[PDB]
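All remarks here apply to the structure that follows.
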Amino acid sequence: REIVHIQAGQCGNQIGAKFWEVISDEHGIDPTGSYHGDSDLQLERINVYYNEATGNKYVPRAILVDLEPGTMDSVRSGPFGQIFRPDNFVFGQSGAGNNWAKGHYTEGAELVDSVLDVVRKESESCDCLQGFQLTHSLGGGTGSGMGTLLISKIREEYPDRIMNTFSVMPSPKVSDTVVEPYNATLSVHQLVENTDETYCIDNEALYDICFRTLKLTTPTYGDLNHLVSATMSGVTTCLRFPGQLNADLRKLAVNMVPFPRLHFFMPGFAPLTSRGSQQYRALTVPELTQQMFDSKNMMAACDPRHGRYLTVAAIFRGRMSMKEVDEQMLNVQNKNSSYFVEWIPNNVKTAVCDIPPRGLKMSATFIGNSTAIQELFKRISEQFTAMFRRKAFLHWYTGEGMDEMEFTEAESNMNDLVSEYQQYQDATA
Amino acid sequence: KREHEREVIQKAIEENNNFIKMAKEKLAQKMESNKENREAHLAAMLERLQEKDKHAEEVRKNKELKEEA
Ligand SMILES: CC[C@]1(O)C[C@@H]2CN(CCc3c([nH]c4ccccc34)[C@@](C(=O)OC)(c3cc4c(cc3OC)N(C)[C@H]3[C@@](O)(C(=O)OC)[C@H](OC(C)=O)[C@]5(CC)C=CCN6CC[C@]43[C@@H]65)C2)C1
Ligand SMILES: CC[C@@H](/C=C(/C)[C@@H]1C[C@@H](OC)C[C@H](O)C(C)(C)[C@@]2(O)O[C@@H](C[C@H](OC)[C@@H](O)C(=O)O1)C[C@@H](OC)[C@@H]2O)CO
Ligand SMILES: C/C(=C\c1csc(C)n1)[C@H]1C[C@H]2O[C@H]2CCC[C@@H](C)[C@H](O)[C@@H](C)C(=O)C(C)(C)[C@@H](O)CC(=O)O1
Ligand SMILES: Nc1nc2c(ncn2[C@@H]2O[C@H](COP(=O)(O)OP(=O)(O)O)[C@@H](O)[C@H]2O)c(=O)[nH]1
Ligand SMILES: [Mg+2]
């Protein structure tokens with residue numbers, strides 16, 4: 001039932017805020033936490049993400065963390081910034097300097113217990129807490145280093161709850177900072193061991209979509225983040241709205257993750273169409289379905305045609321006949337059955353929800369668990385070793401007390417993870 | 001993991017303490033050597049000047065000895 005949400009660092013707080021902004025609009029909540037909705041379908045499951053305060057006020061079950069105040073003020077002074085519980089702001093002053101070691105071991109060490117206190121206070125207010133969700137980037141210092149420290153501490157207090165993260169991978173196409181492959185590799189190591197489900201949101205993929213597909217010549221984080229919030233709303237539809245699915249996070253993990261370490265998901269969203277003459281066409285289910293599976297629509301920069309899907313979850317939203325959706329989804333599998341492993345029968349599932357996202361008559365959200373995600377970890381691995389071969393920029397991390405061995409076993413873990421994906425790409429029945 | 005997290009933070013504290021400690025000690029020992037070295041250079045030069053004052057007075061005694069003949 002209840003989910004506790006944590007956003008850490010600049011990126012995590014940025015996309016975390018847009019997420020609450022978007023789903024608040026869907027559930028008919030205004031920026032002061034009052035309900036102004038029509039359908040009651042919007043309150044059926046409102047308690048999943050919102051706490052009910054005195055006076056018919058719904059407040060997000062959200063914890064906001066950062067090692068510097070800047071983004072705290074930014075969120076607090078924005079649209080839907082007043083909706084958040086004021087106790088649930090936990091920030092420092094030092095900042096992490098895009099340094100994983102500062103977030104994970106030195107500066108974050110002091111703030112971490114304050115966060116666990118708010119986490120603990122929210123968990124005890126839950127009827128039956130099902131688990132946690134974290135938004136953060138892997139390329140920085142706070143969301144990457146301190147976000148993973150939070151995951152580790154939270155898992156130790158709630159060892160049987162589901163742990164789920166929306167994790168933004170770094171790309172040289174978007175960001176300037178040379179040490180990002182270092183931060184990401186240390187983070188991936190923590191994620192393979194302490195999360196149950198991780199959505200891989202690749203800034204490299206988000207950039208190609210905005211630049212190539214959407215024709216945005218000067219992409220901003222606001223553009224990228226509006227893709228992320230749309231996808232985050234889509235993948236959480238079946239938690240926040242009733243209908244045909246009696247599903248929570250654990251059931252999703254059980255049916256999406258056939259092997260413990262292989263829990264990194266490839267997300268996608270339809271529709272995506274550049275401005276503007278095509279923005280007025282009516283979307284048909286056949287078109288939604290082809291777009292959803294198109295490699296160029298994927299939100300992790302990896303070619304799904306290079307590998308195989310272990311499992312797929314697809315969710316459609318809006319007014320549409322389920323018969324059309326059924327036929328179309330079966331068409332994709334029957335006509336391209338070599339891209340789905342045959343040792344997992346009937347391994348693509350569909351859910352349809354009546355309420356559509358704001359601004360769209362229809363939409364589809366894609367959750368793919370594909371062996372091709374290895375391309376993402378290979379890319380980060382290449383950048384890592386090019387630098388680590390010569391111990392370049394290592395002093396920023398050893399000056400915080402870290403050893404070289406810790407880097408060696410992080411790259412080691414990621415290389416094995418790559419190997420594991422490769423072995424089911426060639427596994428046959 | 002928790003033992004290691006304390007390990008790392010305590011190692012950061014120790015490397016910073018050792019940095020301060022060595023700078024402190026290197027500086028202290030350099031001020032010390034320079035004091036000794038400069039004071040010795042001056043003592044040498046002054047010891048030499050007095051050795052000349054000694055010779056002058058001997059030049060005066062020498063004048064009177066020949067002065068009695
Ligand atoms: C989405 C967030 C973003 O706005 C995305 C880009 C980068 N930054 C901020 C804004 C920005 C951009 N360019 C800037 C130049 C000066 C100051 C700021 C910018 C941005 C853009 O043009 O649209 C707004 C951008 C940036 C780049 C960018 C594209 C881009 O917008 C299209 N490139 C992908 C890289 C780049 O390194 C590259 O690989 O070549 C294409 C690129 O190189 C060249 C020769 O263009 C370039 C351009 C300054 C060079 C060195 C540093 N790298 C980092 C990323 C890259 C850039 C957009 C963050
Ligand atoms: C589905 C498995 C795995 C790859 C395959 C085989 C998928 C199949 C179907 O996916 C929608 C494609 C579909 O049948 C079509 C050919 C009608 C179609 O939509 O293809 C895309 C081109 C796409 O480029 C990426 C293609 O290469 C691709 O992704 O193919 C536009 C256009 O091309 C002519 C055409 O309208 C992706 O999950
Ligand atoms: C492609 C879209 C709609 C659409 C497709 S066909 C039709 C009748 N409508 C939606 C997609 C939404 O998931 C959201 C992400 C889109 C990002 C945009 C905000 C983008 O930054 C911007 C440049 C745009 O593309 C428009 C503002 C033109 C946007 O309305 C169209 C779009 O992509 O939104
Ligand atoms: N998609 C997206 N990525 C972001 C955003 N802000 C920062 N990033 C990325 O996050 C990485 C830097 O981490 P950041 O969140 O700034 O650092 P932190 O505050 O130390 O966690 C880089 O790869 C940035 O491109 C954002 O709003 N959206
Ligand atoms: Mg930053």
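Order of listing sets the numbers, starting from 1, for every ligand and every atom in it. In what follows, chains carry the letters A, B, and so on, assigned in the order in which the sequence lines appear, proteins first and then strands, with residues in each chain numbered from 1. Just so you know, these numbers use all the heavy atoms, side chains as well, and skip hydrogens, waters and symmetry mates.
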* Which bit of A:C11 gets closer than 4.0 Å to ligand 4, counting heavy atoms only: side chain, backbone, both or neither? ->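 Both backbone and side chain of A:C11 come within 4.0 Å of ligand 4.
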* **Part of A:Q14 with heavy atoms under 4.0 Å of ligand 4, whether side chain, backbone, both or neither** =>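 Side chain only.
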Is there any N or O on [X] that sits under 3.5 Å from an N or O of ligand 4?
{"X": "A:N203", "value": "yes"}
{"X": "A:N98", "value": "no"}
{"X": "A:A8", "value": "no"}
{"X": "A:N225", "value": "yes"}
{"X": "A:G141", "value": "yes"}

Could you pull out, from [options], the option with a heavy atom nearest to [atom]?
{"atom": "atom 21 (O) of ligand 4", "options": "A:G143, A:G139, A:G103, A:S175", "answer": "A:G143"}
{"atom": "atom 22 (C) of ligand 4", "options": "A:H226, A:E204, A:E180", "answer": "A:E180"}
{"atom": "atom 28 (C) of ligand 3", "options": "A:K361, A:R275, A:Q291, A:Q278", "answer": "A:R275"}
{"atom": "atom 18 (C) of ligand 3", "options": "A:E287, A:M362, A:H226", "answer": "A:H226"}

* **Separation between OG of A:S167 and OH of A:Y199, rounded to the nearest 0.5 Å** => 11.5 Å
Please could you name the atoms of ligand 1 that [X] approaches to less than 4.0 Å, counting only its heavy atoms?
{"X": "A:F211", "value": "32 (C)"}
{"X": "A:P172", "value": "54 (C), 55 (C)"}
{"X": "A:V174", "value": "7 (C), 8 (N), 59 (C)"}

For ligand 3, which atoms, with element, lie under 4.0 Å from some heavy atom of [X]?
{"X": "A:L272", "value": "1 (C), 11 (C)"}
{"X": "A:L227", "value": "15 (C), 16 (C)"}
{"X": "A:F269", "value": "12 (C), 13 (O)"}
{"X": "A:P271", "value": "1 (C), 2 (C), 3 (C), 4 (C), 5 (C), 11 (C)"}
{"X": "A:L283", "value": "6 (S)"}
{"X": "A:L360", "value": "3 (C), 4 (C), 9 (N)"}
{"X": "A:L216", "value": "21 (O), 23 (C)"}

List ligand 4 atoms under 4.0 Å from [X], heavy atoms only on the residue side.
{"X": "A:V174", "value": "25 (O)"}
{"X": "A:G9", "value": "19 (O), 21 (O)"}
{"X": "A:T142", "value": "18 (P), 20 (O), 21 (O)"}
{"X": "A:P170", "value": "23 (O)"}

Heavy-atom closest pair, residues [X] and [Y]:
{"X": "A:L111", "Y": "A:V65", "value": "CD2-CG1, 4.3 Å"}
{"X": "A:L262", "Y": "A:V257", "value": "O-CG1, 3.7 Å"}
{"X": "A:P271", "Y": "A:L283", "value": "CB-CG, 4.5 Å"}

Top protein contact for [atom], by heavy-atom distance:
{"atom": "atom 53 (N) of ligand 1", "value": "A:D176 OD1, 3.9 Å"}
{"atom": "atom 19 (O) of ligand 4", "value": "A:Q10 N, 2.8 Å"}
{"atom": "atom 27 (C) of ligand 1", "value": "A:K173 O, 3.9 Å"}

* Compute the shortest N/O to N/O distance between A:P219 and ligand 1 and return yes if it is under 3.5 Å, no if not. => yes
What do you think, any protein heavy atom under 4.0 angstrom from [atom]?
{"atom": "atom 13 (N) of ligand 1", "result": "no"}
{"atom": "atom 29 (C) of ligand 1", "result": "yes"}
{"atom": "atom 32 (C) of ligand 1", "result": "yes"}
{"atom": "atom 24 (C) of ligand 1", "result": "yes"}
{"atom": "atom 59 (C) of ligand 1", "result": "yes"}
{"atom": "atom 38 (C) of ligand 1", "result": "no"}
{"atom": "atom 1 (C) of ligand 1", "result": "yes"}
{"atom": "atom 5 (C) of ligand 1", "result": "yes"}

* Any donor and acceptor pair, going by atom type alone, linking the side chain of A:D66 with main-chain N or O of A:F91 inside 3.5 Å? -> no
* Donor-acceptor contact present, side-chain A:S370 to main-chain A:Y309, <3.5 Å ->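 No: the side chain of A:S370 does not pair with the backbone of A:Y309.
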Parallel, tilted or perpendicular: ring planes of [X] versus [Y], cut at 30 and 60 degrees:
{"X": "A:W20", "Y": "A:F84", "result": "perpendicular"}
{"X": "A:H5", "Y": "A:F19", "result": "parallel"}
{"X": "A:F241", "Y": "A:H27", "result": "parallel"}
{"X": "A:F388", "Y": "A:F407", "result": "parallel"}

Does the side chain of [X] pick up a donor-acceptor pair with the side chain of [Y] at under 3.5 Å?
{"X": "A:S381", "Y": "A:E411", "answer": "yes"}
{"X": "A:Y182", "Y": "A:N98", "answer": "no"}
{"X": "A:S233", "Y": "A:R317", "answer": "yes"}
{"X": "A:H136", "Y": "A:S144", "answer": "no"}

* Asked: Taking the six-membered ring for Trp, are the ring centroids of A:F132 and A:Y158 within less than 6.0 Å of each other?
  ->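 Yes, they do, as the ring centres are separated by less than 6.0 Å.
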* Aromatic ring proximity A:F366/A:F293, centre distance under 6.0 Å -> yes
* ligand 3-proximal atoms of A:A230, by part, heavy-atom distance under 4.0 Å ->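 The answer is the side chain of A:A230.
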* Residue pair A:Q190 / A:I151, side-chain heavy-atom distance below 4.5 Å ->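 SC-SC contact between A:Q190 and A:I151 ruled out.
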